[PDB]
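Reading through the structure tokens given below for one structure.
Chain IDs A, B, C, D, E, F and G follow the sequence of writing; residue 1 opens each chain.
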Amino acid sequence: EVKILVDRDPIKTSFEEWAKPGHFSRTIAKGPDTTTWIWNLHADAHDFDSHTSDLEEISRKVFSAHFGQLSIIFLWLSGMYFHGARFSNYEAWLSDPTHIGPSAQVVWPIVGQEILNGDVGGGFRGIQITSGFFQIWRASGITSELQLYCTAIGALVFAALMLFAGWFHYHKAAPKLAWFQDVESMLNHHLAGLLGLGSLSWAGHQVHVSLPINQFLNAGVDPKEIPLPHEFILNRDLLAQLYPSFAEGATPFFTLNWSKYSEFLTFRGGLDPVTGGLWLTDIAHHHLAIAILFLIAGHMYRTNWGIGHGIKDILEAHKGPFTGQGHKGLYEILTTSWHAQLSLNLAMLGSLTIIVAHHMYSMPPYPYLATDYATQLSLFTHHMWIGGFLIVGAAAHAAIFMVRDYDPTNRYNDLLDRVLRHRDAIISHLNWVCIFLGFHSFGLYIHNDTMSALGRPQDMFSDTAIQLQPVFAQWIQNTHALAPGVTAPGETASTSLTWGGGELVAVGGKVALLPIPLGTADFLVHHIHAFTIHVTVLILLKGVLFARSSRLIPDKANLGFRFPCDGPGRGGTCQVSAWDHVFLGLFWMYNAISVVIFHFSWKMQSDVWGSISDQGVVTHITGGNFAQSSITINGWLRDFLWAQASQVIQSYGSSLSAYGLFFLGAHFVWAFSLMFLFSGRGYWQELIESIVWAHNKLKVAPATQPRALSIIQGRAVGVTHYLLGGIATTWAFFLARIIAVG
Amino acid sequence: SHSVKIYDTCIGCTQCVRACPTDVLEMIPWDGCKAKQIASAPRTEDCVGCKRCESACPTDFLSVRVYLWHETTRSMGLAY
Amino acid sequence: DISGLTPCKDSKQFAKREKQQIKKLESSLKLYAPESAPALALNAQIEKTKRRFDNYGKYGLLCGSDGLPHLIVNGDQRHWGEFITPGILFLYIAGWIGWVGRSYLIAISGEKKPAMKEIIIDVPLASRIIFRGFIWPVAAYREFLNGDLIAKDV
Amino acid sequence: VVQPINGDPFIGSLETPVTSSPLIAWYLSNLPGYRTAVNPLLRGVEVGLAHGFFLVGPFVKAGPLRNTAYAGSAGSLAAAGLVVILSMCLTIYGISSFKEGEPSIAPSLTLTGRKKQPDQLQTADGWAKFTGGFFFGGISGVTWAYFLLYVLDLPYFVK
Amino acid sequence: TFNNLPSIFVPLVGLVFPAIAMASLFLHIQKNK
Amino acid sequence: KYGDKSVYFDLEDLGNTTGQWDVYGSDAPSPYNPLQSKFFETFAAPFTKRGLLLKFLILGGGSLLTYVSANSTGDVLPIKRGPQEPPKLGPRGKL
Amino acid sequence: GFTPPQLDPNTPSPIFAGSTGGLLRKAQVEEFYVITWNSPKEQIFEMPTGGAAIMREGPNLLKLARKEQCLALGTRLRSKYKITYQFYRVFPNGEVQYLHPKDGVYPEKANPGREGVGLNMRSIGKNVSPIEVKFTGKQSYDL
């Protein structure tokens, strides 16, 4: 059934098409009559569904494009590991990681920018990075710079291999459509073979290399004194001196006597109190169990043999009573459309990035991550933003499916039809609950603000005036703190210490994630988060559902996914397109993730992070001013924005001065974006035609006719400059704030 | 409602009306062009103002021309 | 001594800026050994700062009460190094850019599809023109006299 | 049972369990908003009584003087004020929507297809009777909620 | 009484004059001749 | 005919076609007791003239509002209690 | 006086499980634009109110919401399925106004029998300025 259907030499390797730009499209492969052409050359560059009509060439194009992306990421990791090897203080950071700033970038002394090379620590002048690569490397048992250079060279090798792979799998031997459509084998392999064997091999590294090395690094051993990792593979006596279960080898394994493996495959949940990260002993067992699970999960789908679930046979089996035929047809609209799959995988990968952000602060998995408050904050914020962007792109590509790849005649689905038929009910109830949440989450902030301004602090919604305690979250918190016991024995402690009954993991002078107390401010801000998420889903789901038709435009699909409008008629029908809906959902994702990372930064700096002296008195970075000031907007303006932006603006003449520079610059780029979002094309075309008169007066009339940006392009430029500016403002503000007071 | 007007520069290419989604326009015979036809706008009451007609008029500036005017329930394109 | 500004060679606050920056860079210098790369780079930046301040002193820059060089643009012969000589240095390059670009657009104007030469820049043509803007202040003047600079409406 | 409204698929609604069911349709059909046959005055009385209690609820315990001794009295006073305003806006609604003597704009048909009598609530005098009932019932429900908060304070929650 | 006149006029103006004005203007909007 | 097999355009019965239906408008008779109904009728017929109802509502509500705000003391609203505190001297003396 | 209206009878409607983009109260007090078409086979088409409908073999009938809905549907029909269509306008009083060809021919073929209106016998720049028609009902373009 499944096979390796692949055809040779379909496309010629030649620069002939490089010389002819815009070759991929018909209207673009004839010349730039205008300047918009170049914007259409980049816009449609990766719109392979519009270049061709057959799915075979599209699948080959995106396959080799994924290979290019993997080449890029291998080259990026090459850069990171190399810069760690040569331009870093990692060899010194291992000695005193609680006081040396992790730095992996040095600037060139030319124009005074050598101030950026600051006193990170370790006898090294550079930039205090906030990526957490140093923490990984301590978790990977690197203990050198040679290993990092070798890793960089190997990553460069794999980058070149992936580049050759894309070239081979497009130009030399490109797979045909029967190969991609065999999703059964693809899932069987990516579950068991990528995620199963990948987690298994990382468990092997974690058992053989990370665990024995971190058993010494945490035990006051200098990295120069540690035995090399391969010495544990060659000499098992040195490995057994700390974990004697290796003296028996795999006889405990194959005889199912796993009870004599707990020296290195543990379940003692919680954070290693010597470094603040999770127990690597638990992470080895984790990735091992995940290997078992993905290995049994990747033998689920029939590929060639009589066993396995045909995914058609799973989907067609589910047919609801008043839900109609049910999931029949979905295997044909997911295997004959890349955009549907792209949307699904984007949505899940984005929510997974967010879950990563959430589980990487509350269960610090790397050593000296929780105490590197810059790394923790930056990683949470990063992955939150990536998740929001991926979800918003999932919306865009659901819409693109609905416009292009949706065919109720051939590739019919029942549930999608049922969703389209009461789409007004969906959007009406979402448009209601967004207003309800908006009111009962932000009008509460307004109420607190007014009551505090009228001198009525006894009337706010605070932890002192009117109790809005998260009773449900408090119950989950208290039962997860008292989870070690009847419900989860053999764990020795809670799976995390972000719950009230937990304890404080004092690492050096720092505090590293004691319990998080949930009060009225957490209720208010969590409902603000639900609000912003619900409005984003309103906008995006509305764009997806009404991508094809509305009461306003019933032929919206014929106009396309990415179109500005259908004229000033009907009172005006700007931004009816799903592209414009996702362009608005970008702003709302921005507001959502911005208030999310603000909640994170403030709740952490006030209720979690800080410094605990040897007497035991923990003093937080702000001073616990979240539950009292995060109930009103003036606190976010005063105690969070105004106050914590006293280290990014005062950082002029310091090592953190590029942060204030990009603070002002990202401010600027955001505001500059407002020139695009607010304005319209017609003014700029008329202005351009005036200055084109000024040029034609001097025989400087360019043949590529100067055209103002297309409307959808003005909206794209506006949203990208707006997001870049707000996000770089926040990035600079967070990084300078959290590196300065640290 | 809206006031659609067709000027004498029309070449009679029938794109104004083949693009018009509300049957506002219709081609009539004429003697001013090689195609011997010109567009007319009888059903301006059904005109929403989307200007798909004049986004498809291939002339110096335009021949068909939509003027936004008194908006009624059908020019505003309301199903309610 | 104009505009109430003292020169920087005889300013107090300018020397104070010098001393303050040097003490700032020396405070960041007592954390490394005096022979390693960070201390060597810090000493190089220190000499850079000291020579910078002394060069701003010896050029006759005018340092105000805040102790920073205030450039004079009015046209004083002593302060043509502030604006007028670099202004001519600018305008010479800027007109070079404009003139080679204009002569390039005029060169491709007699092409079948000129726009493809604005995308795919004809590097031989431009390179033969790229030095033709060296003489722009005279070629442009003649094109203005001959009538070839400004186009005619028809 | 999500088949369309009256089996008519091109009308913008559906007979889902929430809209058209033996329990929820019965409940929405035997309450004073949809008693098209009885005169609108009793309907408005019932409506106003219910909403007067519902408004006195979140004025005594939630308000500017909830913790004071003037909580119940002044909260009921604010609820009566909101009730007067609601009758006010109902009144301008009845004046603006239908003038003096036109027939009812309500549907004269039902789901079963019977040419039923039109709902005289939607007329001018009918809506006026409904507003009068709403005002009377609402002030009465406000004062009765005040009475129950006065004489029967102990079973209800104070907090 | 001069200290009691704001207490009469502010609740008068800022609540009744909106009642009168917005009501009469909604009636003027929803009118037909 | 509206009841034919998938026919929803009875041109005579345009109510069934356009969707004119009392979806829950039960025509069932008065479920109330007659005596309390007559009681409410006689005691709410004053509120039968919508114009007189509106005039009464606006004027009496404004009167009651002015009465409450004028007769209420500072115990129920701090704005009428007054300062009951010495005034702070502003910046730069008082200016 | 060459093409009479068709006066749509009680034809069957397409098979459709019902949606929310259908007829609201606009039909109950204003027109609602019935469309009629004639299918060769029982095939499936996208409805302009969202969702998929199954047209019946033979004549069909759909009362959707407004003119643009039925004309978008009919254009999709004529282009994708190659099928003759005609749609109407059904006021609540009872009258049924015939509208789409109004000549038996679609409004692209310049068939004689239609009078030209909205027709300014001039180039578009030769319209008078507004000051020339100030304080007059004619705005700029009706002379």
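The rule is simple: a residue touches a chain if its C-beta (ideal position, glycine included) is under 8 Å from a C-beta of that chain, and two chains touch if they have at least 3 such contacts.
Common neighbours of subunit A and subunit G under the contact rule above are B, D.
Farthest from subunit B, judged by the mean position of CA atoms in each chain, is C. In whole angstrom, the spacing between the mean C-alpha positions of subunit A and subunit C is 43. With centres set at the average Cα position, the gap from subunit A to subunit E is 54 Å.
For the pair subunit B and subunit F, the distance between mean C-alpha positions equals 49 Å.
Residue positions of subunit G with contacts to 2 or more other chains are 13, 17-25, 28, 49, 63, 65-66, 68-69, 72, 75. Those residues of subunit C in touch with two or more other chains do not exist in this structure. Residue positions 422, 424, 551, 555 of subunit A are each in touch with at least two other chains. Under the contact rule stated at the top, the pairs of chains that touch are A-B, A-C, A-D, A-G, B-G, D-E, D-F, D-G, E-F, F-G. Per the touch definition, subunit D reaches subunit E in the complex via residues 85, 88-89, 92, 95-97, 99. Against subunit D, the residues of subunit F that register as touching in their complex are 2-3, 8, 13, 15-16, 19-32, 37, 40-41, 43-51, 53-54, 57-58, 60-61, 64-65, 68, 76.
By the touch rule above, subunit A contacts subunit C in their complex via residues 19, 21, 31-33, 38, 109, 114, 117-119, 123-125, 653, 696-705. Every residue of subunit A that touches subunit G in the complex is listed here, in rising order: 324, 408-409, 412, 417-418, 420-425, 545-546, 548-551, 553-555, 558.
For subunit E in complex with subunit D, the touching residues are 19, 23, 26-27, 29-32.
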